[PDB]
Amino acid sequence: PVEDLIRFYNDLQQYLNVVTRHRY
Amino acid sequence: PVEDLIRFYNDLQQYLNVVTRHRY
Amino acid sequence: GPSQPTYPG
Amino acid sequence: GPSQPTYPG
């Protein structure tokens, strides 16, 4: 749910960094 | 796709902010 | 949740 | 995309 997303979105910023291998 | 998600994700910061009125 | 329905997350 | 399968998104 959106509440669990509060504690996932913050860490998820790192997941997107892996996906793009930090090449935004 | 992940490509669009890069753009969306950064702007999505506002959505999470609305859902909880920035009361993180 | 709120009075409004679900969202695309 | 990569060799890895779908991620949970």
# chains A, B, ... in the order shown; residues from 1 in each chain; ligands from 1
>>> interface_residues(of="chain A", to="chain D", cutoff="10 Å", atoms="only C-alpha atoms", output="VMD selection string")
chain A and resid 12 15 to 16 19
>>> write_last_selection(atoms="C-alpha atoms", output="compact mmCIF listing (two decimals), in the first residue's frame")
# COMPACT_ATOMS: atom_id res chain seq x y z
CA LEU A 12 14.03 2.46 -4.48
CA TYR A 15 17.21 0.50 -7.55
CA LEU A 16 16.73 3.01 -10.41
CA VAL A 19 18.94 -0.05 -13.67
>>> calpha_fit_rmsd(fixed="chain A", moving="chain B")
0.4 Å
>>> closest_atom_pairs(of="chain B", to="chain A", cutoff="9 Å", atoms="only C-alpha atoms", output="JSON lines")
{"residue": "B:2", "atom": "CA", "partner": "A:19", "partner_atom": "CA", "distance": 7.8}
{"residue": "B:3", "atom": "CA", "partner": "A:20", "partner_atom": "CA", "distance": 8.6}
{"residue": "B:5", "atom": "CA", "partner": "A:16", "partner_atom": "CA", "distance": 8.6}
{"residue": "B:6", "atom": "CA", "partner": "A:16", "partner_atom": "CA", "distance": 7.2}
{"residue": "B:9", "atom": "CA", "partner": "A:13", "partner_atom": "CA", "distance": 8.5}
{"residue": "B:13", "atom": "CA", "partner": "A:9", "partner_atom": "CA", "distance": 8.9}
{"residue": "B:16", "atom": "CA", "partner": "A:6", "partner_atom": "CA", "distance": 7.5}
{"residue": "B:19", "atom": "CA", "partner": "A:2", "partner_atom": "CA", "distance": 7.7}
{"residue": "B:20", "atom": "CA", "partner": "A:3", "partner_atom": "CA", "distance": 8.5}
{"residue": "B:24", "atom": "CA", "partner": "A:6", "partner_atom": "CA", "distance": 7.2}
>>> select_by_dssp(residues="chain B", states="alpha helix (DSSP H)", output="list in words")
residues 2, 3, 4, 5, 6, 7, 8, 9, 10, 11, 13, 14, 15, 16, 17, 18 and 19 of chain B
>>> write_last_selection(atoms="C-alpha atoms", output="short mmCIF file (atom, residue, chain, number, x, y, z; two decimals), in the first residue's frame")
data_model
loop_
_atom_site.label_atom_id
_atom_site.label_comp_id
_atom_site.auth_asym_id
_atom_site.auth_seq_id
_atom_site.Cartn_x
_atom_site.Cartn_y
_atom_site.Cartn_z
CA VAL B 2 12.25 1.68 -17.20
CA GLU B 3 13.22 4.56 -19.56
CA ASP B 4 9.92 6.41 -19.00
CA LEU B 5 10.06 5.40 -15.32
CA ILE B 6 13.32 7.46 -14.97
CA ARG B 7 11.42 10.65 -15.93
CA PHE B 8 8.21 9.72 -14.11
CA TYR B 9 10.04 8.63 -10.88
CA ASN B 10 11.69 12.01 -10.37
CA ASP B 11 8.36 13.86 -10.90
CA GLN B 13 8.27 12.74 -5.73
CA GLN B 14 5.25 15.13 -5.73
CA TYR B 15 2.61 12.31 -5.83
CA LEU B 16 3.97 10.61 -2.68
CA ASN B 17 4.09 14.13 -1.18
CA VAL B 18 0.32 14.62 -1.95
CA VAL B 19 -0.74 11.17 -0.61
#
